[PDB]
Amino acid sequence: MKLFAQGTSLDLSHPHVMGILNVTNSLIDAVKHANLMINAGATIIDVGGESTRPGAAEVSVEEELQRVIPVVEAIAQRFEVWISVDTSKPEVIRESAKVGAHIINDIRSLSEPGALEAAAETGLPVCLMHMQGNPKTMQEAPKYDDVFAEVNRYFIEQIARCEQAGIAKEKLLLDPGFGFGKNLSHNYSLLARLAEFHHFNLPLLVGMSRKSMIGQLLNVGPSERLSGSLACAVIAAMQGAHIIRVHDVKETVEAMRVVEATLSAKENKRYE
Amino acid sequence: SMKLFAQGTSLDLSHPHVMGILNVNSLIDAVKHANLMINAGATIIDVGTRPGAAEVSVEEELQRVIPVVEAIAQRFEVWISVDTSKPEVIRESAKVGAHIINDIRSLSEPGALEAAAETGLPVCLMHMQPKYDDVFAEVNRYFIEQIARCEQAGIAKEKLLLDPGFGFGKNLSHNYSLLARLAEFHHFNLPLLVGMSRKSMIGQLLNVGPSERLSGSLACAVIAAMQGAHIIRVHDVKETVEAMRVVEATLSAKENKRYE
Ligand SMILES: COc1ccc(C(=O)CSc2nc3c(=O)[nH]c(N)nc3[nH]2)cc1
Ligand SMILES: COc1ccc(C(=O)CSc2nc3c(=O)[nH]c(N)nc3[nH]2)cc1
């Protein structure tokens, strides 16, 4: 299993760690943070300029472009690392790809007018994430009769939508969207059944780092979540998740080495 | 449903337990460290004597170990595991409140087997000897043998725990083979105890020193717990307990309650 972008490839025969670069002197600091994450073993850096948090306010196209594009450009011309861009906006998609981004990682799964066409036009890999509702209301009262089945159905529908628009399946990644319109019990159901999403034969991307599913379980603040975060990452990686999106790159990469050593000693290379 | 009974209390093995390592006033500090581990969520304290270490006389081992076991048993509700190979220490430990006899030698010293049987306590069987054909099969064979040896001495199967003995005459790939296949040891229907905390199986993989192995140790604990391991022996209790609550939340959402 392999992705292709910007003349290079990413080998997903083992887990990859994706370092979070939140850009909600800004430029110099962001590039220093990327550099530390690459040194710590991150092979993808995820650049995001619009808060995707519960209650988040929208940012203008011009402001997002100012936050994001100079960060993507600077990273693409200094390091060899892959770059994902965390955006919903057709223009940010286009401009990001122009300055070297490798993956479009939209929490809205290209739902914004023109996003689907912009993504297709780039030829880049696209991550389809499940979210119930939108960031302003998703956490008010998340509700499912069957969260796994409903996220599974969403991925069937969005894969088709993307194929229809000329995005080949081989470009797609799937992410169940931990914390995006889910209560604590919904999140743990998806984590527990994560391996079952492999039936699509597509890369799985997960992001649990420092999230509420750890916070509300342990009743701790956001700086006390490293152990819980590593536990989530290891649980996901043991079930064959391909990309783990995190704040704490060094510790995660170390945990992924242990997983890799364990999976390579196993006959069928996956827990289920 | 799996439970152990000792000293008037029970251990509920329907979820994983964290066992904190206690290195042996010396007695005041041992109590203080026990207190810290209980506060971090350890439900078993392992009292002991690594491999390579200096052998000691019966008398010295009693003087080191018995007051500690006794002091913990008098002050705390926690279960107490004792790492010893000597029949005298097994006997005296049980008299002052130990719950589990954890012998790294699996009761091979003369008299140890009989002493353990007399106590009526739970007994942990650990594999120790690196070259193997199928490390899993050898360990598995060892368990069958030791179980039989214990049952023959009047130790009921319901008192036994199995430990594959990570780091103990095992190289890097043998250790990870045993970890990858841990869940297969459930066919005995006995509790599984594992100890990988800060070991060279992490140190060598990662090329880091003994104090930089927490993340790898946590990974090992999670990997074992996801496969239904019952007791995880660690140095870093708070962090392991947190990781275990995440495992527990995951396994409770799973209809199978285990990964294989
Ligand atoms: C303090 O509590 C926190 C709440 C939220 C965070 C975030 O980082 C949320 S942004 C985010 N998540 C995902 C994801 O899961 N998958 C993908 N594909 N993209 C994502 N983007 C961090 C901490
Ligand atoms: C730096 O390299 C290290 C080498 C060794 C250590 C130890 O703590 C090993 S003593 C020990 N292990 C076990 C075990 O696995 N199971 C049981 N049941 N009892 C045990 N007693 C730590 C670090």
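Here Swiss-Prot sets the residue numbers for chain A, with the shown residues being 1-24, 35-282 in order.
Quick check of the header: X-ray crystallography, 2.0 Å.
The backbone N, Cα and C atoms fix where each Cβ goes, and this holds for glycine too.
Taken from Swiss-Prot as is:
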type    : residues                                                                     : note
BINDING : A:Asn22                                                                      : Mg(2+) binding site
BINDING : A:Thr62, A:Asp96, A:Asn115, A:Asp185, A:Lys221, A:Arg255, A:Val256, A:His257 : (7,8-dihydropterin-6-yl)methyl diphosphate binding site
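Taking 8 Å as the upper bound (exclusive) on CB-CB distance to chain B, the binding-site residues A:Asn22, A:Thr62, A:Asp96, A:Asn115, A:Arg255, A:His257 give none. Taken residue by residue with DSSP, A:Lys221 ((7,8-dihydropterin-6-yl)methyl diphosphate binding site) is part of neither helix nor strand, so it is coil. Flanking an unmodelled run of 10 residues are A:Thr24 and A:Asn35, whose Cα atoms lie 13 Å from one another. Distance noted between the C-alpha atoms of A:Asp185 ((7,8-dihydropterin-6-yl)methyl diphosphate binding site) and A:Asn22 (Mg(2+) binding site) is 19 Å. Across the fold, the C-alpha of A:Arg255 ((7,8-dihydropterin-6-yl)methyl diphosphate binding site) and the C-alpha of A:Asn22 (Mg(2+) binding site) stand 12 Å from each other. For ligand 1, none of the binding-site residues lies close by, meaning a CB under 6 A from one of its atoms; the full candidate list was A:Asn22, A:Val256, A:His257.
With a cut-off of 8 Å between CB atoms and residues at least 6 apart in sequence, the same chain places A:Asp96, A:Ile117, A:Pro145, A:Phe190 near A:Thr62 ((7,8-dihydropterin-6-yl)methyl diphosphate binding site), listed in sequence order. Around the Cβ of A:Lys221 ((7,8-dihydropterin-6-yl)methyl diphosphate binding site), the same chain contributes A:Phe188, A:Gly189, A:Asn197, A:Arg235, each under 8 angstroms and 6 or more positions distant in sequence.
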